[PDB]
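Q: Sharing a structure here in structure tokens format.
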Amino acid sequence: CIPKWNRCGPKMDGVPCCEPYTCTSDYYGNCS
């Protein structure tokens, strides 16, 4: 997974953010 306020992209990577967090992305966004 990904840290707090760090880039995400699940439709490409398939890696959600680190619990309790979640990716506010599709291709280019960030963990919150």
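This deposition comes from solution NMR.
Quick reminder: no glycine exception, Cβ is built from N, Cα and C everywhere.
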Q: Can you tell which of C18, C23 is bonded to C1 by a disulfide, based on Swiss-Prot?
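A: Swiss-Prot says the disulfide from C1 goes to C18.
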Q: Measuring Cα to Cα, how many Å separate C17 (disulfide bond) from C23 (disulfide bond)?
A: 5
